[PDB]
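Engineer:
There are 2 protein chains.
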Amino acid sequence: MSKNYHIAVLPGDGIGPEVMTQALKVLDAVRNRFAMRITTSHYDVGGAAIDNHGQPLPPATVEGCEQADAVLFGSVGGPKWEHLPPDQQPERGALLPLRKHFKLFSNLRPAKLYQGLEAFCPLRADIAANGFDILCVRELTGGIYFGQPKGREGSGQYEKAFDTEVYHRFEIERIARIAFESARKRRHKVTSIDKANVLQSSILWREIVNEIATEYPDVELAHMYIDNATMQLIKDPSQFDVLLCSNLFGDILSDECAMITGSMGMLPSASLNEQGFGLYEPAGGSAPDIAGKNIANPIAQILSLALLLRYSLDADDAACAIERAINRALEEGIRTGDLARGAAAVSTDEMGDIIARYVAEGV
Amino acid sequence: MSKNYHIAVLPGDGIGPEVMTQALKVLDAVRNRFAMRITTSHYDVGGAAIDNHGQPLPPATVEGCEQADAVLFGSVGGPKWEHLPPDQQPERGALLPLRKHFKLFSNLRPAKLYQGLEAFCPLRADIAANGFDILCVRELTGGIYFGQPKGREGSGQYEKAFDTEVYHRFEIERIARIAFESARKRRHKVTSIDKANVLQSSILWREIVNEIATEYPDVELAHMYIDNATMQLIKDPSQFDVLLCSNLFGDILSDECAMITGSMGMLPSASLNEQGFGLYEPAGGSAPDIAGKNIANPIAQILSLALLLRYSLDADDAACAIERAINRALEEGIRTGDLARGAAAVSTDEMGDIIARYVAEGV
Numbered sequence: 001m002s003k004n005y006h007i008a009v010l011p012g013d014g015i016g017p018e019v020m021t022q023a024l025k026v027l028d029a030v031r032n033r034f035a036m037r038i039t040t041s042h043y044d045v046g047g048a049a050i051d052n053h054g055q056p057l058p059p060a061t062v063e064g065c066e067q068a069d070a071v072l073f074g075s076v077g078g079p080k081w082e083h084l085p086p087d088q089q090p091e092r093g094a095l096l097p098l099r100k101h102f103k104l105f106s107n108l109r110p111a112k113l114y115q116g117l118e119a120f121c122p123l124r125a126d127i128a129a130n131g132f133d134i135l136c137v138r139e140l141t142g143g144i145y146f147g148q149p150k151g152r153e154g155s156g157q158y159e160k161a162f163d164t165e166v167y168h169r170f171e172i173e174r175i176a177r178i179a180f181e182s183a184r185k186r187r188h189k190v191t192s193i194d195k196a197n198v199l200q201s202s203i204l205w206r207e208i209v210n211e212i213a214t215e216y217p218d219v220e221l222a223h224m225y226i227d228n229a230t231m232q233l234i235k236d237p238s239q240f241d242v243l244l245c246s247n248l249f250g251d252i253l254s255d256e257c258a259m260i261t262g263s264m265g266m267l268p269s270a271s272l273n274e275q276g277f278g279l280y281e282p283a284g285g286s287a288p289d290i291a292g293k294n295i296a297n298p299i300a301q302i303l304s305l306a307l308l309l310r311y312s313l314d315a316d317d318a319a320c321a322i323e324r325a326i327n328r329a330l331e332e333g334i335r336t337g338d339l340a341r342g343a344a345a346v347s348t349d350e351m352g353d354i355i356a357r358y359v360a361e362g363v
Numbered sequence: 001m002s003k004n005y006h007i008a009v010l011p012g013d014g015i016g017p018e019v020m021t022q023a024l025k026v027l028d029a030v031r032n033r034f035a036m037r038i039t040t041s042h043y044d045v046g047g048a049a050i051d052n053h054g055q056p057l058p059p060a061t062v063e064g065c066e067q068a069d070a071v072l073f074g075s076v077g078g079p080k081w082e083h084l085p086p087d088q089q090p091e092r093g094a095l096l097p098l099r100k101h102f103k104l105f106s107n108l109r110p111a112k113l114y115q116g117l118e119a120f121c122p123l124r125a126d127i128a129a130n131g132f133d134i135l136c137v138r139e140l141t142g143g144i145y146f147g148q149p150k151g152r153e154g155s156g157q158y159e160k161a162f163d164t165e166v167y168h169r170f171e172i173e174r175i176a177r178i179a180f181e182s183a184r185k186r187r188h189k190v191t192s193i194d195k196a197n198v199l200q201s202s203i204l205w206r207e208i209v210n211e212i213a214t215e216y217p218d219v220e221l222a223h224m225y226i227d228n229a230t231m232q233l234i235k236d237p238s239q240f241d242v243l244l245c246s247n248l249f250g251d252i253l254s255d256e257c258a259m260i261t262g263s264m265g266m267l268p269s270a271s272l273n274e275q276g277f278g279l280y281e282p283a284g285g286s287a288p289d290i291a292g293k294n295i296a297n298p299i300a301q302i303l304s305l306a307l308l309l310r311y312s313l314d315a316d317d318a319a320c321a322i323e324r325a326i327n328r329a330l331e332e333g334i335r336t337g338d339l340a341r342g343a344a345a346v347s348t349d350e351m352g353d354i355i356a357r358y359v360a361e362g363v
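Those protein sequences? They're chains A and B, same order as listed.
If you use the entry's author numbering, the first sequence corresponds to residues 1 to 363, in order.
If you use the entry's author numbering, the second sequence corresponds to residues 1 to 363, in order.
Right, dumping it as structure tokens:
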């Protein structure tokens with residue numbers, strides 16, 4: 001709840017700009033309720049920047065993001081591009097350059113069971129009913145996806161391929177930190193996932209996690225292996241707050257958490273660097289068929305904004321207030337098309353009206 | 001009618017002997033019904049072997065296992081042993097030299113939702129109702145648990161720890177074969193789990209698997225990455241037959257499967273080699289606590305006999321009869337310590353008499 005903030009807003013293609021419009025409505029209701037001074041600049045990126053500057057990521061767009069406290073990003077692909085690939089893509093050509101540009105090494109993906117869809121959840125009703133709220137923190141830049149040596153050697157029966165799981169201390173120290181800070185924002189419990197029986201890199205991970213933890217006495221830390229963690233998300237998801245994972249283990253576990261929500265198309269994602277700059281976006285997926293006719297669901301965008309406030313603009317109170325507006329609309333059955341018993345009671349624009357109205361505690 | 005076969009029977013410690021005698025009751029009704037000739041010989045292993053012989057895996061046991069078509073193995077360990085060393089007593093001193101000696105590179109873990117146990121399944125009911133029957137085939141000897149170099153190196157910022165994820169073409173070939181062979185005795189489907197979008201070792205795995213697929217043209221092959229399978233196992237387990245897995249991807253997935261049955265006490269395991277020699281055992285362990293002739297549940301041990309018959313003895317007729325018997329028992333609600341409210345506990349011994357009966361044939 002304060003003054004000073006500026007936000008690069010990059011809708012993109014497809015549903016991008018119609019779902020960012022709903023986010024800016026909710027931003028405006030936040031601006032008034034908490035008396036926060038937040039300005040935005042809009043920038044072209046992906047397909048429309050192809051169309052305007054003949055570029056997936058125009059250079060001035062990068063400047064504008066350099067000048068912002070955070071980037072709110074939409075969707076990128078939609079209509080008619082990528083016949084010429086791949087770093088001449090939208091996705092390839094905008095999103096990973098931005099990643100690389102700003103040192104975005106972490107990826108946070110919350111998975112919370114909203115009352116309203118305890119029936120969509122895949123777990124036994126008596127399990128879904130206990131509910132859950134988990135933040136999966138995933139290390140993005142190291143591990144076995146990028147390790148070196150990597151490659152393929154030989155022929156015949158002894159032909160081999162190999163990848164290396166490497167981690168460096170500087171890498172494990174920074175992602176651990178983001179996990180602990182985030183648990184402070186939350187319920188003060190970090191479960192670090194590893195394979196610290198067999199894996200040497202998993203022994204260092206553990207080790208270093210236990211060192212960093214001394215700096216956070218108010219946060220409880222547990223360790224769990226990846227295969228126990230795959231069972232426990234099914235058995236009792238409600239035991240976990242923050243999951244701290246390597247690149248591979250977080251890929252797996254962030255997807256397992258998404259599935260157990262039962263919704264998925266509703267989920268946000270954040271990518272942060274160690275200074276608090278983030279790029280916030282829906283995890284879901286670009287439009288395209290769905291585009292232009294307002295039946296896109298804006299919630300994942302509106303939830304990327306909630307994330308933006310908590311994590312880059314340290315407005316935790318403002319972030320909850322959007323969360324509770326969404327929880328309220330979902331409990332009432334208000335859908336774009338997720339429960340049309342007596343009609344998917346709302347279009348994209350209507351959905352954006354209702355949430356911004358609820359934040360402004362109107363309804 | 002006939003046979004030729006011979007089985008080493010190594011009960012072990014604890015509930016090993018109690019549930020192993022129920023297994024052997026059932027081998028009797030099988031010997032009778034399908035007119036087989038199967039010889040058994042008992043050998044002392046782990047704890048029994050330390051007491052009677054002075055060591056957990058006597059030369060004589062080993063000698064006896066070399067004369068068998070398979071090894072049916074109970075449980076090993078109790079708190080009365082292992083104070084002295086790691087790979088010198090019951091578990092590590094018995095169970096893993098066995099595997100090494102016999103070149104057992106594959107691990108088969110079935111996970112099947114049994115009807116009278118549907119409620120214990122932690123998935124939503126309508127997914128539980130569709131049921132499932134999965135066989136996870138896991139590479140045991142290779143991949144990242146054993147690749148070299150493994151280690152840790154340096155100080156400060158770039159201190160690193162690494163593991164190498166190696167496969168050769170011969171390793172992938174032989175595990176893919178037992179997966180396709182297995183699929184032939186089941187529903188003629190193999191899904192191969194890689195992460196081939198980024199891993200060089202996964203890329204080769206996918207290549208060799210496609211090669212081997214052509215030698216089994218009547219078996220439908222599918223590829224899927226580890227994070228998708230992790231979700232699909234929740235959303236629609238019924239789509240799967242055999243999962244073909246590398247060492248780490250099958251350790252994760254095997255547990256996920258086990259959990260979704262909701263009856264992990266009941267599951268068997270098989271480790272096979274190239275010539276079809278297997279070690280068959282419960283996936284869990286003795287319960288010294290519960291050791292003492294008559295409450296331990298014998299179904300896992302018995303289901304182990306079923307696997308041995310199918311994979312080592314090539315008698316799947318006799319294996320399915322055992323699986324039909326257990327299936328009828330469970331839905332009848334009869335069971336050792338899964339449910340009692342009408343003094344509906346039944347002994348280890350009663351369970352064995354009953355399942356032998358149904359195999360013999362009911363009425």
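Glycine is no exception: its CB is placed at the ideal position from the N, C-alpha and C atoms.
#1: Quick one: Cα of B:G265 to Cα of B:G284, how far?
#2: How is A:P298 classed by DSSP in three states: helix, strand or coil?
#3: My parser needs the beta strand (DSSP E) runs of 3 or more residues fully inside the stretch 180-237 of chain B; what are they?
#4: Nearest to B:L267 by CA position, among B:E331, B:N294, B:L96, B:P298, is which residue?
#5: Under 7 Å between C-beta atoms, does B:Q115 make it to chain A?
#6: Indicate whether the contact test is met: 3 or more Cβ pairs, each with one atom in the stretch 242-257 of chain A and one in the stretch 186-203 of chain A, closer than 8 Å.
#7: Run through the stretch 17-75 of chain A for me and flag every whole beta strand (DSSP E) of 3 or more residues, listed as ranges in chain order.
#8: In chain order, which continuous runs of the alpha helix (DSSP H) of length 4 or greater are located wholly inside the stretch 75-129 of chain A?
#9: Does the CB of A:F180 have a neighbour CB from chain B at under 7 Å?
#10: If you draw a straight line from the alpha carbon of A:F180 to that of A:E18, how long is it in whole angstroms?
#11: Quick one: Cα of A:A319 to Cα of B:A321, how far?
#12: Since B:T261 is in the alpha helix (DSSP H), which residue starts that stretch and which ends it?
#13: Taking Cβ to Cβ, would you say B:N130 is nearer than 7 Å to B:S238?
#14: Please go through the same chain and pick out, in chain order, the residues whose beta-carbon is closer than 6 Å to the beta-carbon of B:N107, but skip the five residues on each side of it.
#15: Select from the stretch 197-223 of chain B all residues with a C-beta closer than 7 Å to any C-beta belonging to chain A, and list them in chain order.
#16: How many whole angstroms separate the CB atoms of A:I127 and B:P11, which I take to be in contact at a CB cut-off of 8 Å?
#17: For A:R169, does the three-state DSSP call read helix, strand or coil?
#18: Listed from N- to C-terminal order along the chain, which residues in the stretch 135-164 of chain B have their beta-carbon within a distance smaller than 9 Å of any beta-carbon of chain A?
#19: Where does residue 364 of chain A sit, in a helix, a strand or coil, going by DSSP?
#20: Just tell me which of A:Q148, A:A125, A:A111 has its CA closest to the CA of A:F132.
#21: So, do the stretch 206-217 of chain B and the stretch 89-103 of chain B have three or more beta carbon pairs nearer to each other than 8 Å?
#22: Which term fits A:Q148, buried or exposed, when burial requires 16 or more other beta carbons within 10 angstroms of its beta carbon?
#23: So what's B:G352 in DSSP terms, helix, strand or just coil?
#24: Whole-angstrom Cβ separation of B:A296 and B:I15, contact assumed at under 8 Å?
#25: Please check the pair A:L27 and A:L305, which I expect to be a contact at CB under 8 Å, by giving their CB distance rounded to whole angstroms.
#26: Suppose the cutoff is 6 Å on Cβ atoms and the five residues either side in sequence are ignored; what does the same chain contact list for B:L221 look like?
#27: Taking the Cβ atom as the reference point for each residue, do residue 365 of chain A and A:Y358 lie within a distance shorter than 7 Å?
#28: Out of curiosity, what's the CA-to-CA distance linking B:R33 and B:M1?
#29: Starting from B:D227, find everything on chain A with Cβ-Cβ shorter than 7 Å and list it in chain order.
#30: Cβ closer than 8 Å: which chain A residues qualify as neighbours of B:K100?
#31: Using the beta-carbon of each residue, which ones in chain B are nearer than 8 Å to A:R169?
#32: Let's test the definition: count the other Cβ atoms within 10 Å of the Cβ of B:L104 and tell me whether it reaches 16, buried, or not, exposed.
#33: Of all the options A:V76, A:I178, A:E171, A:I144, which has the alpha carbon lying nearest to the alpha carbon of A:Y43?
#34: Could one say the Cβ of B:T230 lies closer than 7 Å to chain A's Cβ atoms, at least one of them?
#35: From the DSSP secondary-structure annotation, give me the bridge partner or partners of B:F162.
#36: Taking a cut of 9 Å between CB atoms, which residues from the stretch 119-130 of chain A lie near chain B?
Structural biologist: Looking at the coordinates:
#1: Position 265 of the second sequence, counted from the first residue, corresponds to residue 265 of chain B. Position 284 of the second sequence, counted from the first residue, corresponds to residue 284 of chain B. One Cα belongs to B:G265, the other to B:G284, and the distance between them is close to 7 Å.
#2: For the purposes of this step, residue 298 of chain A is taken as residue 298 along the first sequence, with counting starting at 1. Three-state DSSP puts A:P298 in coil, outside helix and strand.
#3: The stretch 180-237 of chain B contains these whole beta strand (DSSP E) runs: 189-194, 220-225.
#4: Here residue 267 of chain B refers to the residue found at position 267 when the second sequence is read from its first residue. If you compare the alpha carbons of B:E331, B:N294, B:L96, B:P298 with that of B:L267, the shortest gap goes to B:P298.
#5: Locating residue 115 of chain B in the second sequence gives position 115, counting from the first residue. Using beta-carbon distances, B:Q115 does not count as an interface residue toward chain A, since no partner is under 7 Å.
#6: Two segments are said to touch when three or more pairs of C-beta atoms, one from each, lie closer than 8 Å; by this definition the stretch 242-257 of chain A touches the stretch 186-203 of chain A.
#7: Fully enclosed beta strand (DSSP E) runs of 3 or longer: 37-42, 70-75.
#8: 96-102, 125-128, all fully within the stretch 75-129 of chain A.
#9: For the purposes of this step, residue 180 of chain A is identified with residue 180 of the first sequence, where counting begins at 1. Judged by the 7 Å Cβ criterion, A:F180 is not in contact with chain B.
#10: On the first sequence, residue 180 of chain A is found 180 positions in, with the first residue counted as 1. On the first sequence, residue 18 of chain A is found 18 positions in, with the first residue counted as 1. Answer to the nearest angstrom: the Cα atoms are 35 Å apart.
#11: If you number the first sequence from 1, residue 319 of chain A lands on position 319. If you number the second sequence from 1, residue 321 of chain B lands on position 321. Using only the alpha carbons, I get a separation of about 59 Å.
#12: Within the second sequence, the letter at position 261 stands for residue 261 of chain B. B:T261 -> alpha helix (DSSP H) spans 247-261.
#13: Numbered from 1 along the second sequence, position 130 holds the residue referred to as residue 130 of chain B. Numbered from 1 along the second sequence, position 238 holds the residue referred to as residue 238 of chain B. Taking 7 Å as the cut-off, the Cβ atoms of B:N130 and B:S238 count as close.
#14: Against the second sequence, residue 107 of chain B aligns to sequence position 107. Sequence-distant partners of B:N107 (beyond 5 residues in either direction) whose C-beta falls short of 6 Å from its own C-beta, in its chain, are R138, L140, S271.
#15: The residues in question are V198, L199, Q200, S201, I203, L204.
#16: In the first sequence, counting from the first residue as 1, residue 127 of chain A sits at position 127. In the second sequence, counting from the first residue as 1, residue 11 of chain B sits at position 11. Between B:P11 and A:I127 the Cβ distance is about 37 Å, and since that is not below 8 Å, they are no contact.
#17: Here residue 169 of chain A refers to the residue found at position 169 of the first sequence. Shown here, A:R169 sits in a helix according to DSSP, grouped into three states.
#18: Result list: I144, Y145, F146, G147, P149, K150, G151, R152, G154, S155, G156, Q157, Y158, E159, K160, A161, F162, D163, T164.
#19: Since the displayed chain A opens at 1 and closes at 363, residue 364 of chain A lies outside it and no answer follows.
#20: Stepping through the first sequence from its first residue, residue 132 of chain A is reached at position 132. For A:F132, the closest C-alpha among the options A:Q148, A:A125, A:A111 is that of A:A111.
#21: Here the stretch 206-217 of chain B does not lie against the stretch 89-103 of chain B, with fewer than 3 beta-carbon pairs under 8 Å apart.
#22: Here the question's residue 148 of chain A lines up with position 148 in the first sequence. A:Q148 should be labelled exposed.
#23: Walking along the second sequence from the start, residue 352 of chain B turns up at place 352. Helix, per DSSP.
#24: Counting from 1 along the second sequence, the entry for residue 296 of chain B is found at position 296. Counting from 1 along the second sequence, the entry for residue 15 of chain B is found at position 15. Contact between B:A296 and B:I15 holds, since their C-beta atoms are separated by about 4 Å, short of 8 Å.
#25: The sequence position of residue 27 of chain A within the first sequence is 27, counting from 1. The sequence position of residue 305 of chain A within the first sequence is 305, counting from 1. Right, their Cβ atoms sit about 6 Å apart.
#26: The count along the second sequence starts at 1 and reaches residue 221 of chain B at position 221. Listed in chain order, the non-local C-beta contacts of B:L221 below 6 Å within the same chain comprise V190, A213, local neighbours out to five positions each way being set aside.
#27: Outside the displayed span of chain A (1 to 363) sits residue 365 of chain A, for which this structure offers no information.
#28: Within the second sequence, the letter at position 33 stands for residue 33 of chain B. Within the second sequence, the letter at position 1 stands for residue 1 of chain B. In a straight line, the C-alpha of B:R33 is about 9 Å away from that of B:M1.
#29: Counting from one through the second sequence, the residue named residue 227 of chain B turns up at place 227. Going along chain A in sequence order, the residues near B:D227 (Cβ under 7 Å) are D251, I252, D255.
#30: One-based indexing of the second sequence puts residue 100 of chain B at position 100. In chain order: nothing, as chain A lies at least about 17 Å away.
#31: To locate residue 169 of chain A, count along the first sequence from 1; it is residue 169. Identification of chain B residues near A:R169 by a Cβ-Cβ cut-off of 8 Å yields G156, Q157, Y158, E159, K160, ordered along the chain.
#32: Here the question's residue 104 of chain B lines up with position 104 in the second sequence. It counts as buried.
#33: In the first sequence, counting from the first residue as 1, residue 43 of chain A sits at position 43. The shortest Cα separation from A:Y43 among A:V76, A:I178, A:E171, A:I144 belongs to A:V76.
#34: Within the second sequence, numbered from 1, the residue matching residue 230 of chain B stands at position 230. By this cut-off, B:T230 is an interface position.
#35: The residue given as residue 162 of chain B occupies position 162 in the second sequence. The partner list for B:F162 (beta bridge, DSSP) reads A:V166, B:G151.
#36: Listed by position, the residues of the stretch 119-130 of chain A near chain B (Cβ gap below 9 Å) are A119, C121, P122, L123, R124, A125, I127, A128.
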